[PDB]
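Residues: numbered from 1 along the sequence shown. Heavy atoms only: backbone and side chains are in, while hydrogens, waters and symmetry mates are out.
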Amino acid sequence: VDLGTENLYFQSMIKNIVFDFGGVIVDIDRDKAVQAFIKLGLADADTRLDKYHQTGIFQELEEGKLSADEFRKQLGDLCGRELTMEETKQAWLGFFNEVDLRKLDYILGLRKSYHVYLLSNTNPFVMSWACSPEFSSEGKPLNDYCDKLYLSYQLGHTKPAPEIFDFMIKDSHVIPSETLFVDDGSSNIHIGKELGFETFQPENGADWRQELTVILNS
Ligand code: NA
């Protein structure tokens with residue numbers, strides 16, 4: 001079938017759509033991330049890095065408890081050498097594959113009919129790329145695809161903490177039952193459901209456009 005927006009029709013009680021970034025808009029490859037951090041000297045990266053919820057200094061960075069520079073310093077101490085910001089950024093970008101422009105185009109089409117928000121565990125290294133014209137070959141920052149970004153490191157909590165969902169709900173004024181939450185992570189989906197959201201859990205790396213269209217018309 002043809003998933004171009006002009007072919008698509010939308011009608012249901014859903015008014016808002018909340019997307020995660022990694023695992024939904026852009027593919028995550030944890031093995032590639034592990035390799036990228038090992039390159040810096042983090043020889044035990046395989047035990048440290050997670051697909052859904054970081055721990056240790058990685059969590060602290062994604063909750064804004066460590067600044068990018070502070071994280072760089074503490075990561076360097078683990079690696080036994082002083083890291084630059086650029087090589088630390090490049091390690092973080094190891095988590096990601098280039099974006100499927102089909103997904104970005106689909107999301108632009110959604111904005112004609114829905115309020116679209118991002119709610120994501122992320123950090124300044126990743127966002128310096130995503131929230132810039134370097135995000136993709138289309139030259140539009142992640143900001144162009146949403147009404148507002150809710151970023152863990154600016155809010156002090158990471159999903160699946162209920163607090164990050166609560167901030168987003170209160171700030172955006174969405175009614176959870178009229179909102180579709182799209183996230184590849186099970187724990188995040190479960191708390192979203194508990195708080196009243198409709199949920200859709202796509203597979204990381206999969207083309208979810210068809211199924212999303214079906215859900216938005218259910
Ligand atoms: Na995700």
For [X] against [Y], the heavy-atom pair lying closest together:
X      : Y      : result
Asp183 : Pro202 : O-CD, 3.6 Å
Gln74  : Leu66  : NE2-CD2, 3.5 Å
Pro141 : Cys131 : CB-C, 3.8 Å

- prompt: Does the pair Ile215 and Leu180 meet the rule for a side-chain contact (heavy atoms from CB on, under 4.5 Å), with working shown?
  reply: CA-CA 9 Å; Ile215 290 168; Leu180 184 69; 4.0 Å; yes

- request: Show the numbers, then the answer: is there a ring pair (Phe, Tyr, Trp, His ring centres under 6.0 Å) between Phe37 and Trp92?
  value: CA-CA 8 Å; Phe37 281 88; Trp92 273 107; 5.6 Å; yes

field: Test side chain to side chain donor-acceptor pair (under 3.5 Å) applied to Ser136 and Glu98, step by step
entry: CA-CA 7 Å; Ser136 90; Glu98 289 288 358; over 6 Å; no

query: Using a distance-only test with no angle check, is there a side-chain donor-acceptor pair under 3.5 angstrom linking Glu62 and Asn123?
result: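 The criterion, which ignores hydrogens and geometry beyond distance, is satisfied for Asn123 and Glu62.
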
- prompt: Do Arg48 and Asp44 pass the salt bridge (charged side-chain N to carboxylate O under 4.0 Å, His left out) test, and can you show the C-alpha distance, the side-chain angles, and the key distance before you say yes or no?
  reply: CA-CA 7 Å; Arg48 294 181 190 267; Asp44 59 358; 2.8 Å; yes

query: So, for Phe21 and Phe96, is the gap between ring centers shorter than 6.0 Å?
result: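 Distance test on ring centres: under 6.0 Å, yes.
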
field: Aromatic ring proximity, centroids under 6.0 angstrom, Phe181 and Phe165
entry: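 Yes, they do, as the ring centres are separated by less than 6.0 Å.
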
task: Report the relative orientation of the aromatic rings in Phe58 and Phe71; use parallel for angles under 30°, tilted for 30 to 60°, perpendicular for over 60°.
output: perpendicular

- prompt: Do the rings of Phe10 and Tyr114 sit parallel, tilted or perpendicular, given the 30° and 60° boundaries?
  reply: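 Because their plane-to-plane angle is over 60°, the rings of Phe10 and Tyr114 count as perpendicular.
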
Separation of [Y] [atom2] from [X] [atom1] (nearest 0.5 Å):
X      : Y      : atom1 : atom2 : result
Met127 : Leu151 : CE    : CG    : 6.0 Å
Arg102 : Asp207 : CZ    : CG    : 4.0 Å
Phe135 : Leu142 : CZ    : CG    : 5.0 Å
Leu40  : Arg81  : CG    : CZ    : 6.5 Å
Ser187 : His53  : OG    : NE2   : 9.0 Å
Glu178 : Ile14  : CD    : CD1   : 8.0 Å

message: Quick one, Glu82 with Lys73, criterion salt bridge (charged side-chain N to carboxylate O under 4.0 Å, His left out). Give me CA distance, side-chain angles, the key distance, then yes/no.
response: CA-CA 7 Å; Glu82 181 103 348; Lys73 193 272 181 194; over 6 Å; no

- prompt: Taking everything shown except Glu70 itself, do over 12 heavy atoms lie less than 6.0 Å from its CD?
  reply: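 Yes, because the 6.0 Å sphere around CD of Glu70 holds more than 12 heavy atoms from other groups.
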
query: Given the rule in the side chain to side chain donor-acceptor pair (under 3.5 Å) test, do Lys89 and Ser128 qualify, once you have shown the distances and angles that lead to the verdict?
result: CA-CA 9 Å; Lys89 178 177 173 175; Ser128 71; 3.0 Å; yes

Transitive ILVMFWY side-chain link [X] to [Y], under 4.5 Å:
X      : Y      : answer
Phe19  : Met168 : no
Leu119 : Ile17  : no
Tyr52  : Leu61  : no

message: I'd like to know whether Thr158 forms a side-chain contact (heavy atoms from CB on, under 4.5 Å) with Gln54, so could you lay out the CA-CA distance, the side-chain angles of the two residues, the decisive distance to 0.1 Å, and finally the verdict.
response: CA-CA 9 Å; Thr158 43; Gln54 310 307 329; over 6 Å; no

field: Test log, rule side-chain contact (heavy atoms from CB on, under 4.5 Å), inputs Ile57 and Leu75
entry: CA-CA 8 Å; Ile57 61 169; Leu75 178 63; 4.2 Å; yes

Criterion side-chain contact (heavy atoms from CB on, under 4.5 Å) on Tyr106 and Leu8, from CA distance to verdict: CA-CA 10 Å; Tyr106 184 95; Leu8 303 188; 3.6 Å; yes

task: For the pair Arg111 and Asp147, evaluate salt bridge (charged side-chain N to carboxylate O under 4.0 Å, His left out) and give the outcome as yes or no after the intermediate values.
output: CA-CA 8 Å; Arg111 297 197 66 192; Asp147 292 291; 2.8 Å; yes

- prompt: Which is it for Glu86 and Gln90 under the side chain to side chain donor-acceptor pair (under 3.5 Å) test, yes or no, and what are the steps along the way?
  reply: CA-CA 6 Å; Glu86 186 63 25; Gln90 291 308 313; 2.8 Å; yes

task: Go through the steps to decide whether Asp46 and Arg30 satisfy the test salt bridge (charged side-chain N to carboxylate O under 4.0 Å, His left out), and finish with yes or no.
output: CA-CA 9 Å; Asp46 186 51; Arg30 199 194 72 99; 2.6 Å; yes

